[PDB]
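Heads up, the thing below is written out as structure tokens.
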Amino acid sequence: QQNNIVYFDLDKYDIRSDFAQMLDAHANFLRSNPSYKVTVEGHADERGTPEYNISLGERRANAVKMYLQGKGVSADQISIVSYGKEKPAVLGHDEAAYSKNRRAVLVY
């Protein structure tokens, strides 16, 4: 959860204002280093079918990709992968765990 994680609200994949700055820092880094590549890994909490979550995780990873592309990062430097609700960051059946799992992580 440090300088590379975007968190989301239940069933949403929009990027909140709160994360724009952290994301701008990554865009600046990638833009000034055209040979660097980053992978955005999207996730979802355990509520709902596996397929619904794979899709929601993809839209979340995609949202980050599009935000970075909106800041001039080349589409070639960014790839996305969705783990659905298959790779949680925290086990547990409550909102404390879930909120920590609805996320997209920039991985180098």
Side-chain angles (χ1 to χ4, degrees):
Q1 31 142 165
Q2 218 186 296
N3 65 295
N4 68 324
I5 301 182
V6 176
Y7 290 94
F8 302 85
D9 294 323
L10 176 56
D11 294 302
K12 306 288 219 176
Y13 50 91
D14 67 294
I15 293 149
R16 311 280 253 80
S17 275
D18 304 84
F19 303 97
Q21 193 160 294
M22 150 215 281
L23 286 181
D24 288 353
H26 287 274
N28 186 219
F29 175 71
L30 292 155
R31 283 187 310 189
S32 307
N33 302 90
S35 56
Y36 280 70
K37 294 198 72 180
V38 62
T39 293
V40 184
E41 302 186 6
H43 306 268
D45 70 35
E46 65 175 2
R47 275 94 54 110
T49 66
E51 318 96 76
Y52 167 60
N53 287 305
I54 283 298
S55 178
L56 176 46
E58 177 275 350
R59 291 332 291 168
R60 280 169 175 157
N62 188 241
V64 175
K65 172 191 180 68
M66 293 303 116
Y67 184 90
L68 294 173
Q69 277 178 37
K71 283 294 149 52
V73 172
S74 163
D76 290 316
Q77 300 177 78
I78 307 158
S79 63
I80 66 175
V81 60
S82 177
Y83 289 99
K85 53 174 187 177
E86 309 311 327
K87 256 195 58 198
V90 193
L91 294 178
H93 303 288
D94 48 81
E95 237 318 83
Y98 301 156
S99 68
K100 293 180 191 63
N101 297 327
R102 298 191 287 285
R103 71 192 192 286
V105 183
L106 293 81
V107 179
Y108 291 89

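We count residues from 1, following the sequence as given. These values consider heavy atoms only, across backbone and side chains, with no hydrogens, waters or symmetry-generated copies.
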Check: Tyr67/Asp14 side-chain N/O donor and acceptor closer than 3.5 Å: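 There is no such pair (donor and acceptor under 3.5 Å, judged by atom type) between the side chains of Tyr67 and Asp14.
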Exercise: do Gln77 and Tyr36 side chains pair donor with acceptor under 3.5 Å: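 There is no such pair (donor and acceptor under 3.5 Å, judged by atom type) between the side chains of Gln77 and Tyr36.
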Taking [X] for its side chain and [Y] for its backbone only, find out whether a donor-acceptor pair lies under 3.5 Å.
| X | Y | result |
| --- | --- | --- |
| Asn101 | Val90 | yes |
| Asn4 | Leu106 | yes |
| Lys65 | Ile78 | yes |
| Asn33 | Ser35 | no |
| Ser82 | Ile54 | yes |
| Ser99 | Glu95 | yes |
| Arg102 | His43 | no |

Any [X] side-chain heavy atom under 4.5 Å of [Y] side chain:
| X | Y | value |
| --- | --- | --- |
| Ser79 | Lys37 | no |
| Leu68 | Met66 | no |
| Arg47 | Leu10 | yes |

How far apart are the closest heavy atoms of [X] and [Y], and which atoms are they?
| X | Y | answer |
| --- | --- | --- |
| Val64 | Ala104 | CG2-CB, 3.8 Å |
| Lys100 | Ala96 | NZ-O, 2.9 Å |
| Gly42 | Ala61 | N-CB, 3.7 Å |
| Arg60 | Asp11 | NH2-N, 3.8 Å |
| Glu41 | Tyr83 | OE1-CE1, 3.5 Å |

Parallel, tilted or perpendicular: which one describes the rings of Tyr108 and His26, with boundaries at 30° and 60°?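 Geometry flag for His26 against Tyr108: parallel rings.
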Are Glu58 and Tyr13 close enough, and set up right, to give a side chain to side chain contact (heavy atoms under 4.5 Å, CB included), and what steps lead you there? CA-CA 9 Å; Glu58 177 275 350; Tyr13 50 91; over 6 Å; no
Taking atom NZ of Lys87 as the centre, report whether more than 12 heavy atoms of other residues, nucleotides or ligands fall under 6.0 Å from it.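 Counting other residues, nucleotides and ligands, NZ of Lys87 exceeds 12 neighbours.
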Please determine whether the number of non-hydrogen atoms from other residues, nucleotides or ligands lying under 6.0 Å from atom CZ of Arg16 exceeds 12.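 It does not: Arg16 CZ has 12 such atoms or fewer within range.
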May I ask you to say whether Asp45 pairs ionically with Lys85, meaning some side-chain N is under 4.0 Å from a carboxylate O?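 Result for this pair is no, no salt bridge flagged.
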